[PDB]
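Peer 1: One file: coords_18.txt (compact mmCIF, N, CA and C atoms).
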# COMPACT_ATOMS: atom_id res chain seq x y z
N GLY A 1 0.86 -1.22 0.00
CA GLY A 1 0.00 0.00 0.00
C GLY A 1 0.88 1.24 0.00
N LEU A 2 1.95 1.21 -0.79
CA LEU A 2 2.86 2.35 -0.87
C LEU A 2 2.21 3.49 -1.64
N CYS A 3 2.49 4.72 -1.23
CA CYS A 3 1.93 5.90 -1.89
C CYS A 3 2.81 6.36 -3.04
N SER A 4 2.26 6.29 -4.25
CA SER A 4 3.00 6.71 -5.44
C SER A 4 3.10 8.22 -5.48
N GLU A 5 1.95 8.86 -5.65
CA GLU A 5 1.87 10.31 -5.71
C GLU A 5 1.84 10.90 -4.30
N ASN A 6 2.22 12.17 -4.19
CA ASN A 6 2.24 12.84 -2.90
C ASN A 6 0.85 12.87 -2.28
N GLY A 7 -0.16 13.17 -3.09
CA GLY A 7 -1.54 13.23 -2.61
C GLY A 7 -2.28 11.93 -2.85
N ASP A 8 -1.70 10.83 -2.38
CA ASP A 8 -2.32 9.52 -2.54
C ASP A 8 -3.66 9.46 -1.82
N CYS A 9 -3.68 9.94 -0.58
CA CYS A 9 -4.90 9.94 0.21
C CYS A 9 -5.95 10.83 -0.45
N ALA A 10 -5.50 11.98 -0.93
CA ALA A 10 -6.38 12.94 -1.59
C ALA A 10 -5.55 14.05 -2.23
N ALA A 11 -6.19 14.86 -3.06
CA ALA A 11 -5.49 15.95 -3.73
C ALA A 11 -4.91 16.93 -2.71
N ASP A 12 -5.70 17.24 -1.68
CA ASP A 12 -5.25 18.17 -0.65
C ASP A 12 -4.39 17.47 0.40
N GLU A 13 -4.68 16.19 0.64
CA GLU A 13 -3.93 15.41 1.62
C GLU A 13 -2.56 15.02 1.07
N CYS A 14 -1.69 14.55 1.97
CA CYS A 14 -0.34 14.14 1.58
C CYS A 14 -0.01 12.76 2.14
N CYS A 15 0.73 11.98 1.37
CA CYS A 15 1.13 10.63 1.78
C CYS A 15 2.60 10.42 1.47
N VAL A 16 3.32 9.78 2.38
CA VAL A 16 4.74 9.53 2.16
C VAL A 16 5.16 8.24 2.84
N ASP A 17 5.62 7.28 2.03
CA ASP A 17 6.04 5.99 2.56
C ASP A 17 7.40 6.10 3.25
N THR A 18 7.42 5.79 4.54
CA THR A 18 8.66 5.82 5.31
C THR A 18 9.23 4.41 5.40
N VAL A 19 10.51 4.31 5.71
CA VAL A 19 11.17 3.03 5.84
C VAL A 19 12.63 3.25 6.18
N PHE A 20 12.98 2.76 7.34
CA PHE A 20 14.33 2.88 7.86
C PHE A 20 15.10 1.58 7.72
N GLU A 21 14.56 0.51 8.29
CA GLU A 21 15.22 -0.78 8.26
C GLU A 21 14.45 -1.79 7.43
N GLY A 22 14.93 -3.03 7.45
CA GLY A 22 14.31 -4.11 6.68
C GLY A 22 13.33 -4.92 7.53
N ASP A 23 13.33 -4.68 8.83
CA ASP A 23 12.43 -5.41 9.72
C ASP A 23 10.97 -5.16 9.36
N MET A 24 10.66 -3.91 9.03
CA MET A 24 9.30 -3.55 8.66
C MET A 24 9.27 -2.20 7.94
N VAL A 25 8.12 -1.87 7.37
CA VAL A 25 7.94 -0.61 6.64
C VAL A 25 6.86 0.24 7.30
N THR A 26 7.09 1.55 7.30
CA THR A 26 6.16 2.50 7.90
C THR A 26 5.59 3.46 6.86
N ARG A 27 4.28 3.71 6.95
CA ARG A 27 3.59 4.61 6.02
C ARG A 27 2.85 5.69 6.81
N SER A 28 2.58 6.84 6.18
CA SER A 28 1.88 7.92 6.88
C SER A 28 1.02 8.73 5.91
N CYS A 29 0.04 9.43 6.47
CA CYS A 29 -0.87 10.26 5.68
C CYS A 29 -1.79 11.02 6.62
N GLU A 30 -2.02 12.30 6.33
CA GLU A 30 -2.89 13.13 7.18
C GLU A 30 -4.19 13.48 6.45
N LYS A 31 -5.30 13.35 7.16
CA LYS A 31 -6.61 13.65 6.59
C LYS A 31 -6.91 15.13 6.75
N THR A 32 -7.51 15.74 5.73
CA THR A 32 -7.84 17.16 5.78
C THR A 32 -9.23 17.37 6.36
N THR A 33 -9.28 17.78 7.63
CA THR A 33 -10.55 18.03 8.31
C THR A 33 -10.46 19.28 9.13
N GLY A 34 -11.39 20.17 8.89
CA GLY A 34 -11.42 21.41 9.61
C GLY A 34 -10.19 22.24 9.31
N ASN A 35 -9.04 21.79 9.81
CA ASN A 35 -7.76 22.47 9.58
C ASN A 35 -6.86 21.61 8.70
N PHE A 36 -6.13 22.26 7.80
CA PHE A 36 -5.24 21.54 6.90
C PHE A 36 -4.04 20.98 7.66
N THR A 37 -3.59 19.79 7.25
CA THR A 37 -2.45 19.14 7.88
C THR A 37 -1.67 18.33 6.86
N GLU A 38 -0.42 18.72 6.64
CA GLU A 38 0.44 18.04 5.68
C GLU A 38 1.05 16.78 6.29
N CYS A 39 1.52 15.88 5.43
CA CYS A 39 2.13 14.64 5.88
C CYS A 39 3.41 14.93 6.68
N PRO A 40 3.76 14.09 7.63
CA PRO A 40 4.99 14.30 8.45
C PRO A 40 6.26 13.97 7.67
N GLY A 41 7.27 14.82 7.83
CA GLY A 41 8.55 14.64 7.15
C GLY A 41 9.59 14.07 8.10
N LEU A 42 9.15 13.70 9.30
CA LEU A 42 10.05 13.15 10.32
C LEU A 42 9.81 11.65 10.49
N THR A 43 10.88 10.92 10.80
CA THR A 43 10.79 9.47 11.00
C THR A 43 11.67 9.03 12.17
N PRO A 44 11.32 9.41 13.36
CA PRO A 44 12.09 9.05 14.59
C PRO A 44 11.85 7.59 15.00
N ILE A 45 10.88 6.96 14.35
CA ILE A 45 10.55 5.57 14.66
C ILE A 45 11.68 4.64 14.22
N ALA A 46 12.12 3.79 15.14
CA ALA A 46 13.19 2.85 14.84
C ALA A 46 13.28 1.77 15.91
Just give me the structure as structure tokens.
Peer 2:
Amino acid sequence: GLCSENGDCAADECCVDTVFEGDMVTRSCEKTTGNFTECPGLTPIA
């Protein structure tokens, strides 16, 4: 379920597939409700 385009979730929304190690893969996406919220550019998860 990797996000190809930036706005995979939606045109206004943003999606970005994260991945640090080979143990597992992390994905993210923010829904646009009330207030706009862009996808996170940080990946402290490890």
Peer 1: Please indicate the distance in Å from atom CA of residue 26 of chain A to atom CA of residue 1 of chain A, rounded to one decimal place.
Peer 2: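 Atom CA of residue 1 of chain A lies 10.3 Å from atom CA of residue 26 of chain A.
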Peer 1: Residues near residue 16 of chain A, anyone? I mean within 6 Å using all atoms listed in the file, not counting same-chain ones fewer than 5 positions away, as a PyMOL selection string.
Peer 2: chain A and resi 3+27-29
Peer 1: Taking all listed atoms of segment 19-27 of chain A, build the axis-aligned box, pad each of the six sides by 4 Å, then write its centre and edge lengths in Å to one decimal as AutoDock Vina command-line options.
Peer 2:
--center_x 9.0 --center_y 0.1 --center_z 7.7 --size_x 20.4 --size_y 19.1 --size_z 12.0
Peer 1: Neighbouring residues of residue 13 of chain A were defined as those with any atom within 7 Å, considering all atoms listed in the file; residues of the same chain fewer than 6 positions away were excluded. Please report them as a list in words.
Peer 2: residues 6, 7, 29, 30, 31, 32, 37, 38 and 39 of chain A
Peer 1: Selection from above, N, CA and C atoms, as a CSV table (one decimal), keeping the file's coordinate frame, can you write it?
Peer 2:
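Saved as result.csv:
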chain,number,residue,atom,x,y,z
A,6,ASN,N,2.2,12.2,-4.2
A,6,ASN,CA,2.2,12.8,-2.9
A,6,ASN,C,0.8,12.9,-2.3
A,7,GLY,N,-0.2,13.2,-3.1
A,7,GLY,CA,-1.5,13.2,-2.6
A,7,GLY,C,-2.3,11.9,-2.8
A,29,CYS,N,0.0,9.4,6.5
A,29,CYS,CA,-0.9,10.3,5.7
A,29,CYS,C,-1.8,11.0,6.6
A,30,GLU,N,-2.0,12.3,6.3
A,30,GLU,CA,-2.9,13.1,7.2
A,30,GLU,C,-4.2,13.5,6.4
A,31,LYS,N,-5.3,13.4,7.2
A,31,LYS,CA,-6.6,13.6,6.6
A,31,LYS,C,-6.9,15.1,6.8
A,32,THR,N,-7.5,15.7,5.7
A,32,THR,CA,-7.8,17.2,5.8
A,32,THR,C,-9.2,17.4,6.4
A,37,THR,N,-3.6,19.8,7.2
A,37,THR,CA,-2.4,19.1,7.9
A,37,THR,C,-1.7,18.3,6.9
A,38,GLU,N,-0.4,18.7,6.6
A,38,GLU,CA,0.4,18.0,5.7
A,38,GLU,C,1.0,16.8,6.3
A,39,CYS,N,1.5,15.9,5.4
A,39,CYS,CA,2.1,14.6,5.9
A,39,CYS,C,3.4,14.9,6.7
Peer 1: I need the strand (DSSP E or B) residues of chain A per DSSP on the backbone, written as an MDAnalysis selection string.
Peer 2: chainID A and resid 14:18 26:30 33 35
Peer 1: Please provide the set of residues having any atom within 12 Å of residue 44 of chain A, restricted to only C-alpha atoms, with same-chain residues fewer than 2 positions apart removed, written as a PyMOL selection string.
Peer 2: chain A and resi 18-20+26+40-42+46
Peer 1: Output N, CA and C atoms for every residue in the selection just made, as a tab-separated table (two decimals), in the coordinates of the input.
Peer 2:
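Saved file result.tsv follows:
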chain	number	residue	atom	x	y	z
A	18	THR	N	7.42	5.79	4.54
A	18	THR	CA	8.66	5.82	5.31
A	18	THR	C	9.23	4.41	5.40
A	19	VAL	N	10.51	4.31	5.71
A	19	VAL	CA	11.17	3.03	5.84
A	19	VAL	C	12.63	3.25	6.18
A	20	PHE	N	12.98	2.76	7.34
A	20	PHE	CA	14.33	2.88	7.86
A	20	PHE	C	15.10	1.58	7.72
A	26	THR	N	7.09	1.55	7.30
A	26	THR	CA	6.16	2.50	7.90
A	26	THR	C	5.59	3.46	6.86
A	40	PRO	N	3.76	14.09	7.63
A	40	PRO	CA	4.99	14.30	8.45
A	40	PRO	C	6.26	13.97	7.67
A	41	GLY	N	7.27	14.82	7.83
A	41	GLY	CA	8.55	14.64	7.15
A	41	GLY	C	9.59	14.07	8.10
A	42	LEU	N	9.15	13.70	9.30
A	42	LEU	CA	10.05	13.15	10.32
A	42	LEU	C	9.81	11.65	10.49
A	46	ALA	N	12.12	3.79	15.14
A	46	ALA	CA	13.19	2.85	14.84
A	46	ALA	C	13.28	1.77	15.91
Peer 1: For atom CA of residue 11 of chain A and atom C of residue 45 of chain A, determine how far apart the two atoms are, in Å to one decimal place.
Peer 2: 27.3 Å
Peer 1: Between atom C of residue 43 of chain A and atom CA of residue 4 of chain A, what is the spacing in Å?
Peer 2: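 So the two atoms, atom CA of residue 4 of chain A and atom C of residue 43 of chain A, lie 19.8 Å apart.
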